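Only one chain is shown below, in structure tokens, and it's the form deposited in one PDB entry.
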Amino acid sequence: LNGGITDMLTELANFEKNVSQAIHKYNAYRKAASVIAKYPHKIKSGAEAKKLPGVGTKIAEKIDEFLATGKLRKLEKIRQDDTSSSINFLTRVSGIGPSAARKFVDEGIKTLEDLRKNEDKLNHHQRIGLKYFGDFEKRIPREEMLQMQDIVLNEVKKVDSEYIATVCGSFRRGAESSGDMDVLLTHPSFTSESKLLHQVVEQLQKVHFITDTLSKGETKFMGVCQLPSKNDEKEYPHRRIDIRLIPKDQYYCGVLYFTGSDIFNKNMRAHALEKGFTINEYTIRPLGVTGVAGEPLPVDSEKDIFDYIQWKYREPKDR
């Protein structure tokens, strides 16, 4: 219902981010596209859509146009602009943002063919993003994710028994498909006050699960992983993996945050805000009488964060 509208808005969002480099317009168009996608009727007028929050004068007036003519004049102009369309396409490559995209097209590099021809002009990330272009646009069915999980959990257990690995994102909420694999990592040895990630990455490279490294440091890893070929069947497609080392006293605040979604956290952060607590990626802290966030509270589980704000626990399933 109203799919033609939500497409038009997503198409404009991508344009403002990649071509215009107007990030706040991109977020506004997304917000408008998301609300209209949730709406349980067929929008027949821009004035109707305007009642929904995140829809204003301008979007209402291009909804009036789309419903009347069956297309948008501004987008028809952009789709037949060589610069705009090319810049949009290049940014689909991981490591190519709006800056790199613009510079490439300015020196006559527009297509994957042109990127392969000129691999000497790309950094490490962009080369890998090019290598696994199609494999990264593929979704991951929940079946594959469970096999990927067991390997990680097992391999981490082999390195040290005291490691606590939790796979979050769409997967933990019980979604039938996920985009990437976001793993959280902690260890009794590592707190806020008092080579943990290295040896785990080193181990998962040794059993040929992790194939490539996009970035790595003390606390955070981003790379590429692959399930082992059954041999009888065709080899599995390469997936994006993110391993994140978090202090022990900030794990469940980390888990809660990275379990999602964008709306749930915003709603929980908003509810918590007025009840007299400020929660973020790291901690839950009480606000003083003067609206001053003091010392962080202790957290033993996700449940404790719900206990503090007297909000009834919502299992990852229902978020």
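C-alpha atoms forming the largest set that superposes within 1.5 Å between two forms make up the rigid core. So that there is no doubt, residue numbering starts at 1 and follows the sequence shown.
Although it is not shown, the form deposited in another entry is what the next lines describe.
With a cut-off of 2 Å and the rigid core superposed, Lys71 has a Cα displacement that reaches or exceeds the cut-off between this form and the one not shown.
Fitting the two forms on the rigid core leaves the C-alpha of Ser301 displaced by at least 2 angstroms between this form and the one not shown.
Superposition on the rigid core between this form and the one not shown places the CA atom of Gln310 2 Å or more away from its counterpart.
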